[PDB]
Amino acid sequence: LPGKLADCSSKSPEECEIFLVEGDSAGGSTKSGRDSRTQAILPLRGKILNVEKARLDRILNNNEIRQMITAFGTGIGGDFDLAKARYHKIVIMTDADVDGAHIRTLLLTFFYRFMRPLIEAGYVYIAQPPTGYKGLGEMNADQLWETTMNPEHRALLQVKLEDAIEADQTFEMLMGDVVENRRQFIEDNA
């Protein structure tokens, strides 16, 4: 449990939730400012692999991706089982900065291409930490707890899929291999 995960005491997935925090420093304080019985911290280190740019052999060889699959215990692709899930709430916790947004996009790319019925079942959530420039690491153990660790005070955004044919085009454009379509999107939307 030093750089790896710290799990929830409850064996029931309806009661328990997993928080994918951003950075080492965020992982430590979130492991301290949690409800050990219901809350499980998986600290993610560095930028997570863009699955839309990578081939399967590389995706499965990644230890960041492998840690998540082992934590949810759902399986990937065609062997994904919504019922065989360890948690009912998968919370993306990231810095309130531009790189925090980036990590959030990379995680959703993996979940959309490999664990699609997890998002459809409304299991995927986005934690809402205070915006003001500081970021997760700079926060104290008790500030971290009353900010987003109490599902009382906390405000989570339920990730929902409304148009799968539009989402497919969106992930392939933003996270794909073709720069020109990405460059166009930036040029147009600024």
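Numbering starts at 1 and runs along the sequence shown. Rigid core: the largest C-alpha set superposing within 1.5 Å between the two forms.
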- Task: Going by root mean square C-alpha distance after a core fit, say whether 167-175 or 16-24 is farther from the shown form in 8 other deposited structures of this protein.
- Result: 16-24
- Item | Mean temperature factor over C-alpha atoms, higher-scoring stretch between 33-41 and 53-61 | 33-41
- Note on the structure: Averaging the C-alpha temperature factors as deposited, the higher value of 18-26 versus 5-13 falls on 5-13
- Task: Name the third of the chain's ranked CA B-factors that contains residue 86, choosing lowest, middle or highest.
- Result: highest
- Item | B-factor third for the C-alpha atom of residue 66 within its chain | middle
- Message: Quick check for you: using the entry's CA B-factors within this chain, is residue 165 in the lowest, middle or highest third?
- Response: middle
- Taking the chain's C-alpha temperature factors as the reference, tell me which third residue 151 falls into: lowest, middle or highest. highest
- Message: For the chain shown, is the CA B-factor of residue 80 in the lowest, middle or highest third of its modelled residues?
- Response: highest
